[PDB]
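# Examination of the molecular architecture
Listed below are the residues making up each chain.
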Amino acid sequence: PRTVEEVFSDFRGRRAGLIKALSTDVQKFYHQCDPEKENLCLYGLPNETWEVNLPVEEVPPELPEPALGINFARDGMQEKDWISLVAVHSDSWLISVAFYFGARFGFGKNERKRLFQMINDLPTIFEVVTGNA
Amino acid sequence: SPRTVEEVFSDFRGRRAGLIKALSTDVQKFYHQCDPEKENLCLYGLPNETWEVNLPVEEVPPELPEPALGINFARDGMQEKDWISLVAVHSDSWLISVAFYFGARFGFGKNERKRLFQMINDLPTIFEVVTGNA
């Protein structure tokens, strides 16, 4: 069903916004992550934008939430290692969101397999930011 | 695959079994712990096949992905089996997040991620289990 492509399009859009935050806009992202601020995250939207403040959602929130408090360790390691750690959390979030949508759209086992194959043909954000893409 | 792939899958299967317990065998205990008079609660699965309903807190640093919060707010607004299904789908998305997070911390590459997904997707989702979709 063309619904696998719609869910994958959403995933690619959020992934593009997160890759922007962690590469092209890395210093903007870094400076918004002062380590004494509370509850910051990296949130990706399918229009290829990003934000560090958790958006207000319904209750329960419809989408899985990304990691909060990612800014505490910003100064405790090399910037590229902190970026890599944000990348790993971000990759685990994106796959959560995509499979949540797949379930909401009534994907069965075959649709779940097709969605994963498309996701896993792209380098992870971790691989992008570490130079292993 | 390296041994770590099966070890990450074993963690996944054990948490899944705990979540299946909460949403089936232990459903009334789970239901009553999802008290609508408490603050927003989450359902967690642990690798020893147990489950817990806890208020999420601001863990610093963040560790595992966080499950859906506020499941207790929706409990009385739906037929119980539809609320169970809602919790199940959120729990399925949490489990795959946890598994791929561990896989990343343990340096999985493309092939290791494929093998891990293959094993996860052999099993019916918790949503399928609780709705009779196998």
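One structure accompanies this document, and this report is about it.

Thresholds applied
Residues numbered from 1 in each chain as written, not as in the entry; some residues may be left out. Chains lettered and ligands numbered in written order. Heavy atoms only, no water. Helix = DSSP H or I, 4+ residues; strand = E, 2+ residues; numbered from the N terminus. Rg over C-alpha atoms; globule rule 2.2 N^0.38 Å. Buried < 20%, exposed > 50% of the residue type's maximum accessible area, 1.4 Å probe, protein only. Contact = heavy atoms within 4.5 Å. Areas by Shrake-Rupley, 256 points an atom, 1.4 Å probe, with all protein chains shown as cover. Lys, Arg positive; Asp, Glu negative; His and termini not counted. Charge placed at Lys NZ, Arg CZ, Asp CG, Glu CD. Buried area = accessible area lost by both parts, 1.4 Å probe. Polar contact = N/O pair within 3.5 Å; in protein donor to acceptor, adjacent residues only side chain to side chain. 1 Å grid on protein atoms, 1.4 Å probe; cavity = no way out; pocket = protein on both sides within 12 Å on 5 of 7 lines; lining within 4 Å. Points joined across faces, edges and corners; volume = space filled by probe spheres on them. Nonpolar A, V, L, I, M, F, W, Y, C, P; charged D, E, K, R; others polar. Axes fitted to C-alpha atoms, helices over the stretch in contact; angles between N-to-C directions. Parallel < 35°, antiparallel > 145°, perpendicular 65-115°, else oblique. Left-handed = near helix turned anticlockwise from the far one by under 90°. Core = buried A, V, L, I, M, F, W, Y, C linked by side-chain atoms within 4.5 Å.

## Side note on the overall build of chain A
Helices and strands together make up the secondary structure of chain A, namely five helices and two strands. Across chain A, helices and strands are ordered from the amino to the carboxyl terminus as α-α-β-β-α-α-α. Compactness check: chain A gives a C-alpha radius of gyration of 15 Å against a globular reference of 14 Å for 133 residues, within 12% of the reference. When the backbone C-alpha atoms are referred to their principal axes, chain A occupies close to 45 × 40 × 20 Å. A burial count over chain A gives 53% of its 133 residues as buried. Of all intrachain contacts in chain A linking residues separated by at least 6 positions in sequence, the fraction that spans at least 24 positions is 71%. When the accessible surface of chain A is split by element, carbon and sulfur atoms take 49% of a total near 6300 Å². Across chain A, 14 positive and 20 negative side-chain charges occur, with their mean positions spaced 7 Å apart.

## Looking at the interface of chain A and chain B
Taken together, the 31 residues of chain A in the interface contact 33 residues of chain B. Both sides together, the interface formed by chain A and chain B hides about 2700 Å², and carbon and sulfur atoms give 62% of it. It is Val59, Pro60 and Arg112 of chain A in chain A that bury the most area against chain B; as a group they hold 18% of the surface buried on that side. Between chain A and chain B we count 11 residue pairs in polar contact in total.

## Here's the deal with empty space enclosed by the protein
By the definition in use, this model includes four cavities of 30 Å³ or more. The computed volume of the largest cavity comes to approximately 70 Å³. Listed by contribution, the elements that provide at least two residues to the lining of the largest cavity are α3 (79-104) of chain A together with α4 (80-105) of chain B. The biggest single contributor to the lining of the largest cavity is α4 of chain B, with four residues. Considering only residue class, the lining of the largest cavity consists of six nonpolar, four polar and two charged.

## Quick word on the packing of α3 of chain A against helix α4 (residues 109-120) of chain A
All names here are of chain A. Running from amino to carboxyl end, α3 crosses α4 at an angle of 150 degrees, the nearest separation of the two axes being 11 Å. It follows that α3 is roughly antiparallel to α4 by the angle criterion. In terms of crossing hand, the pair formed by α3 and α4 is right-handed. Taken together, the residues of α4 that come into contact with α3 (itself represented by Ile95, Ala98 and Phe99) are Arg112, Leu115, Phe116 and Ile119. Grouping the amino acids of the contact of α3 with α4 by side-chain chemistry returns six nonpolar, no polar and one charged.

## Considering the layout of surface pockets
Looking at the largest pocket, its volume works out to about 610 Å³. Elements represented by at least two residues in the lining of the largest pocket include exactly α3 of chain A together with β1 (42-46), β2 (50-54) and α4 of chain B. Broken down by element, the residue count for the lining of the largest pocket peaks at five residues, all from α4 of chain B.

## Here's the deal with the nonpolar core
Judged by nonpolar contacts, the single largest core of 82 residues is most densely connected at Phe29 of chain A together with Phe30 and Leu43 of chain B. In terms of residue count, the dominant contributor to this core is α4 of chain B (13 residues). Sequence-distant contacts of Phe30 of chain B, defined by excluding residues within four places in its chain, comprise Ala22, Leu23, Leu43, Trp51, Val53, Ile71, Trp83, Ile84 and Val87 of chain B.

## Notes on the packing of α4 of chain A against helix α5 (residues 110-120) of chain B
Remark: α4 of chain A packs on α5 of chain B, axes separated minimally by 11 Å, with the N-to-C direction vectors making an angle of 170 degrees. Between α4 of chain A and α5 of chain B, the angle is such that the two are roughly antiparallel. Two secondary-structure elements touch here, α4 of chain A through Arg112, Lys113, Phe116 and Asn120 of chain A and α5 of chain B through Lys110, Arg113, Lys114 and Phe117 of chain B. The residue inventory of the contact of α4 of chain A with α5 of chain B, partitioned by class, reads two nonpolar, one polar and five charged.

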